[PDB]
Amino acid sequence: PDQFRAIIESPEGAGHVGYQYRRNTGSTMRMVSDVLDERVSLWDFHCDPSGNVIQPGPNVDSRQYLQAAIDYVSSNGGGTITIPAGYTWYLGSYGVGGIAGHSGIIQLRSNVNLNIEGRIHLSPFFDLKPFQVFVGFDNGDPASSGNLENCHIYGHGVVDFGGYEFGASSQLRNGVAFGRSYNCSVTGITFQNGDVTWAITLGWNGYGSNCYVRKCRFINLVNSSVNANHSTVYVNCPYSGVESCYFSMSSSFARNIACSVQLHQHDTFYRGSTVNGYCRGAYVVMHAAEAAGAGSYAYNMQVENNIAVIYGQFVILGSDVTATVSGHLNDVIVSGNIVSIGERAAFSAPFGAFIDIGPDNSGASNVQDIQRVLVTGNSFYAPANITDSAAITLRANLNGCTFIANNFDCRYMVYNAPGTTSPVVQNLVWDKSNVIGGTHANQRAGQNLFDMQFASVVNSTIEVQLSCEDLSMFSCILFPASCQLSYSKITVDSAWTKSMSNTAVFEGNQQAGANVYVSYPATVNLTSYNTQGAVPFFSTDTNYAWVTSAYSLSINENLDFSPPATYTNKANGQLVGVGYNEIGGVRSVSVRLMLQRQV
Amino acid sequence: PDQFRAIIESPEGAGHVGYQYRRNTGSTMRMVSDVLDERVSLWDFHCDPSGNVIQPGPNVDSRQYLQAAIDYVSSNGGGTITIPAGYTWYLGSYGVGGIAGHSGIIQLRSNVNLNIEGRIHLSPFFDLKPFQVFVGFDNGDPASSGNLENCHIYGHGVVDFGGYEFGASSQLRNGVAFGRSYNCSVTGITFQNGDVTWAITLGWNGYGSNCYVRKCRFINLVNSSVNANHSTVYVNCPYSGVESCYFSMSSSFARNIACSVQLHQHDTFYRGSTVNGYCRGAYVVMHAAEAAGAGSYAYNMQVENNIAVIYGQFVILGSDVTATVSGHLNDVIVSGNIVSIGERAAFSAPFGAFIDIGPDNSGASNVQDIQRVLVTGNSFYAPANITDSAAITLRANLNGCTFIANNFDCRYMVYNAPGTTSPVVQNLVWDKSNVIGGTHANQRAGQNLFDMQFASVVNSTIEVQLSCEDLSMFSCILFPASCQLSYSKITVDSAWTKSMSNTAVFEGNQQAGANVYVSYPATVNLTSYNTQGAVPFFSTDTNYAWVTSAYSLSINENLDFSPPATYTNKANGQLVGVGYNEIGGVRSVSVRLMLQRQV
Amino acid sequence: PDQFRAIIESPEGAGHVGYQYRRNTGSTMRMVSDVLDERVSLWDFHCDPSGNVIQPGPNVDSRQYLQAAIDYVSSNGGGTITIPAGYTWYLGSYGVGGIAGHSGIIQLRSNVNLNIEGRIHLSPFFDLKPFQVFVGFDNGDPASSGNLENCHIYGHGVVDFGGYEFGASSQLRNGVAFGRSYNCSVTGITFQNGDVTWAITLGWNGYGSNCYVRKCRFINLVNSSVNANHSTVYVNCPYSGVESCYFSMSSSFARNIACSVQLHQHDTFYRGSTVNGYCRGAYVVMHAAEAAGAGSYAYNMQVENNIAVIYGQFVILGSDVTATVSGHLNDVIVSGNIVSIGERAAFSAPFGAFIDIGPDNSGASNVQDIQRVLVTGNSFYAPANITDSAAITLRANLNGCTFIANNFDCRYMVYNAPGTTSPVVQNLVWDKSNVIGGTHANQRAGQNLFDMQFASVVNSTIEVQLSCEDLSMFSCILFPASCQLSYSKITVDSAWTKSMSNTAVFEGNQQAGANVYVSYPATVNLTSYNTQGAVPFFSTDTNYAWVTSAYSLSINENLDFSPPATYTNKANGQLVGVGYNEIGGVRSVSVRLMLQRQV
Ligand code: NA
Ligand code: NA
Ligand code: NA
């Protein structure tokens, strides 16, 4: 009797009060403690050394308590700890042990999920300092770390970096560094209000699998000039990806340094997301120095169905090499994305592009092995004032990239700056189904729509089709004499081109090559013999040794004669056709022709 | 001893029974009440004034109890109330205060989520009456309402409107009216069995953000002739959207009035959903009178990867103006959708269309500013009997819309009714990669496949390519004399067209314009001079002053002569070519030619 | 006093300890038991006949306990049973009653969800035996079974089939057989480590609705030679689908027998998933013997945005018939998928294909009714050594299929083995926007890129466009004399084709048909008359009665004359053109021409 009150008021008391589910005679006879033991919260470990519960807050470092929770539940084979709603839980110190090396705060462990319903906020302790809030490595050296398996973070809660700036550019900052991560995920969480390098990294140098980020929000995660670089999510293990996320920045600096996602390993995806205020949408890249876990090929890379306002490049391709590994990038699809360059002055941020073939980090452009890339069904728009805007900026070696059924409304279709890199290009394919918009019409004085500033182009197709007039452009497509061209097909549709002085320009007359197939409009002057009847007409210039046929794009205003409808050429480089003189006399005309070579 | 039994049986008793998580010496020493206080249900507030629990049911209005729950949890900084499974909770009265003005039942509040596992059902009180079940405004005037933040509704439960009809057309009915809503969502819920205006509205006139509807079901939400209009989900704040939802109607009235989604603000999306039995798939629209919260441009509008059986129009574009605001719609992508018009009699429901450029609500067609729209990679099908079916019904001013790589199998490709609106059209682009199906072949007597009933067309491309014969159609494309045409490209591929009397028709000979680029097949009669040898042939008609070249689409059955392969023209409007007379004599032939102008 | 201790220690004790939510004076006065009664776990039913809790494990069959849980909660109108984390719950026996007939273990019931957080593992009892772990039928005969409604399985847990092989090929094995299933779903679960037929089947012969599988993982679910066939998920009710799943196999046998998904009913989808190591991506099929629940048409079938490495066919189409039902398949879209055939020897697994039109299960190829299929915006790749690789293997009757804007890099574009089936083909459309890759260049000796081994082709379009040279191929497109051709358009673009001996081959001269529209390059020898001036040239061969026009694809090396630019024909089958002799004399030349017929 007397001792019973004692048990009950004691910590063992719920262990002495019996329960049976809904008075069901078949249900287990248990104690209240057992049913309470089926869930677990931060409250169960957020206490002083006497077991008295401590209230979280500005002046309480909840780090050790959350760590004890994770360590204990890890002890029992796993489960899910709730971080309670209606409370803000401040972290005010570094973790210890193997996460020491990673500037860790909290160590994640296998099979221990966190359901974050409340808010987690970083304390001023962390101002001007590196940090990585959650860390799945168990060792300061990642090569010697064990794995993190079956760890899920989710809920409706928030993680907040307290608005503190970086202290030096050299510092790193992360939200969730899963480590060598297998079956791990972040779902539903808001990450906000910081200056960090990443919010989440999945995998480490290819080690890991089936990691995902889904329905999270990323807001204002760069805020100072000191921050050297940002990629919100870093997918660095295969069979992993990001979907249905929302990414937003408002800092000027973000527009210069910040990317939403990097995909660095095979079978990874970025889908169904919305981006605003970033410099870059996605890096898709095989880095040789991150190839230890999952081979040296990144393949099956998908970027689909995203919405974006960016200030530089939507999708950046790349590959590179190290002393002993060579990186390859192949089998990539980019489709269904709708993307625009936001309002900004020309040249005020990295050069705007839907696709960029970037050089490596040291800036080498002759190490890349990028091929079998499919860009299809996307739309891109840049405002008319943005000189530095392009469907593709092709700044490094390219072994293939195929464009079909896109809509591009910007300054250049193909661009590379002259006298910079001289890319070697193979298997660039620009199908005629790509629609070229008109927003930059009349803006293109001194400029070439496809400006082919390359070392050489082979096995490529450029099928230019305009949709409106732009008589300001210097040419539709220009190849400088420095660029070799062979086994390629280059064509300009005559629509909207009749008043153009130059349609296709080959500055080293490269269209003469044995295996070059071209067609484009030009104005030609002809003069006939004086014979009544069937009568030949010849070009006055001799620039046409390469032409296999030509046909009229002009009406004939004359009654007493007609020039030929079609032409071929002669050894001396003249065009020749058979027209008709109703009445005799030497004729002289200027006609618009479609010139054709092997097509 | 004596008093102890008293405490324990009392409401404070669980506050006196100690608990420690799994007898762990490091875990907090708590009371049972504390752990029970970590969750909260309707059961905790569904009681009489004495604290005795009340059973929900047909004759119990659970409204006040749920409201007390929400108000209390709101009190503590938020959390999640469970609406328990295995029970139906009837609502039988209006809410009070600021939701009064919105016909509100339950008021939502910030950070208070509802996990709906059971069923919520409307009582007969609400028959023939307006209602809005859940309401995030705090004020009857929305302009003076505060915000709703971080409010999520989810679970496997059901909301049921009890099958009651509208009382008058003027009435409104909604399920979740989030109000000025920021980070709010509805996930997993079934909405069923009613006659309402919307099931869910996100945002209010552009105020709000990051609102979503995901994996919900909408079933039989229109059922009477009195219901004036329905849109199941109304996205009226940016960075918001609908995905992976299911929408179904079985009412005849739904096929005339009901739309699945309206997107009314920037950066919004509708994806991965299935629709059946509706009139309309989606409205995508900038309404000037809903532009107070997020500017006057709707841009970054995405409709992707949906499945639909509808009776009218899949995607409706629009923009309009008010005295002081002008609405603009730009940067829209519609792709990957597979859509069909369900079995119905011709003209039995609003005119079937994949895309409709609709006039404003007053029916004005000269106020719209719609451009940079990309329609790609969709398929559309209407059954052969449905005269009123079209890839695009272009009923109002259009400043651009680009079609690429679609498959359209219906009655018209481009349509507008004659002598209705006279749209001004710019930058309409119909790429040759659009495939035209054959289901309506032989159904097109007296009809034009592309029936261009416009005030004028500029900077547009129509590249017609058939895939099968339809000799019933009057023409492939017809421009009435009333329609101006300039700086456009119009072409008809000869495949399947050889037996066509008319391919392209220009009723005011608009193909003669300086900047009009065309090509299409026609039959022409020619007669030659009698000269042996090289000999000219001339058209007997003089309708060809506009032709720059023509070429044969016919074989030559003759041995003693051949007509020219290619033709040009003369000032008098004749065609002329140089053929060959092996033996002399005047020749006369009818040939099928490809006529070409500046192409 | 004395009796009170008794109550409290007893199973009714929590029913005597009072609780009030957060000491709120307005909250219900309840007992602890009531709040505990709001959740329910396996622990509440995993006891001996005395109510003592039993620990799960290798030597404990948890089947009867889980079944009692489900039966009881079913009793109360539904709810969610947690299968606890940190524990493995072994199943060691068959269920009884109506699931007896289906080799059932656990019977599912309506409104009873399972939240699987721990692991469920099959005991050795099941080695070499059939089994179906979860079963929604209530009757051994499915035609007499009731329905399963509102049943959801989800969590972060695992289902594991213990690695046991099939005992005989005739046996069936499943994970979740939902039965006649309406609003049922599987979310988040890993299925692993077995030898089964399916992991999940939704619906039964068209009965059921709104069933989905989302974010699940399927790993190593085939492991022996005895397993006759595998499809991981079997969607057999409408308005149902699979998304964002991960499928992986490592068994050799899987590459020969295993498919990731079959869609067998209308309005079903397969999206956003990743596949590795399987033979097949998806079957999309109307089976007449599975048409009792939802009609005989499968329509609105979507396969979108998936990533795959497979060894046979990505998407298999089919339809078939029974004595009294005829199956139809129409309105299908396949887009945005990126797919490759994994490294393997040629012919080492079923013939690699992006699309396969397969014959029925008995192998009949004349029963199918497949039409309105849209394949767009996909990429496909097979390694260069894989002879047996194709964009489409067209092995049975086809009533339509449309390809647009794809990238195909494999051995064949269109293929069927000769002297096997002789498919009747209608409305096959291969748009010019399809890009043909170069990986198999130089591998195609004795082979035809489009090898049209059909009974007949009508209303079809093949627009061949190469992107690089392959002079190893016998032809770009070949029609054997056995194949009829009519009302079709067949064309070969001259780019990369100038050195080809054969471009298009018609072995029964089928290009002569009245309604056949073609164009392709050929080399032709001509000789002229000796006349000075305008002078005709004629082909030495008489194979050209069908040509309507031709034009030069060669330059003219000569000065004293030029051959005609364009040609027509004569009754005797010669080509004839008018060229020019500056100086007289008989000329003789070999030119590359574009031959054209009615285009
Ligand atoms: Na060079
Ligand atoms: Na007009
Ligand atoms: Na035949």
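When reading the values below, keep in mind they use all heavy atoms of this one structure, side chains included, and skip hydrogens, waters and symmetry mates. Every chain is numbered from 1, with letters handed out A, B, ... down the list of sequences.
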>> Side chains of B:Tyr19 and B:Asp34: any donor to acceptor distance under 3.5 Å?
In response: no
>> Please verify the inter-ring angle class for A:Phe191 with A:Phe218; under 30° counts as parallel, over 60° as perpendicular, anything in between as tilted.
In response: parallel
> Do C:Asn183 and C:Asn210 get their side chains close enough for a donor-acceptor pair, meaning under 3.5 Å?
Replying inline: no
>> Under a 3.5 Å cutoff, is there a donor and acceptor pairing between the side chains of A:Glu117 and B:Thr80?
In response: no
> Are side-chain N/O atoms of B:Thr28 and A:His46 paired as donor and acceptor at under 3.5 Å?
Replying inline: no
> Looking just at side-chain N and O atoms, do B:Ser185 and B:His152 make a donor-acceptor pair shorter than 3.5 Å?
Replying inline: yes
> Between the side chains of B:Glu38 and A:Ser41, is a donor N or O closer than 3.5 angstrom to an acceptor N or O?
Replying inline: yes
> Under the criterion side chain to side chain contact (heavy atoms under 4.5 Å, CB included), which of A:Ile189, A:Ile83, A:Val176, A:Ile153 is the partner of A:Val159?
Replying inline: A:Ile189
> Can C:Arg109 and C:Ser74 be counted as having a side-chain donor-acceptor contact under 3.5 angstrom?
Replying inline: no
>> If only side-chain N and O atoms count, and only distance matters, is there a donor-acceptor pair under 3.5 Å linking B:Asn193 with B:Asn220?
In response: no
> Can you find a side-chain donor-acceptor pair between B:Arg63 and B:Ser93 that sits under 3.5 Å?
Replying inline: yes
> Side-chain donor-acceptor pair under 3.5 Å between B:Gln67 and B:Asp71, yes or no?
Replying inline: yes
> Does any donor atom in the side chain of B:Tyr21 or A:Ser33 lie under 3.5 Å from an acceptor atom in the other side chain?
Replying inline: no
> Got a donor-acceptor contact below 3.5 angstrom from the C:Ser27 side chain to the B:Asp44 backbone?
Replying inline: yes
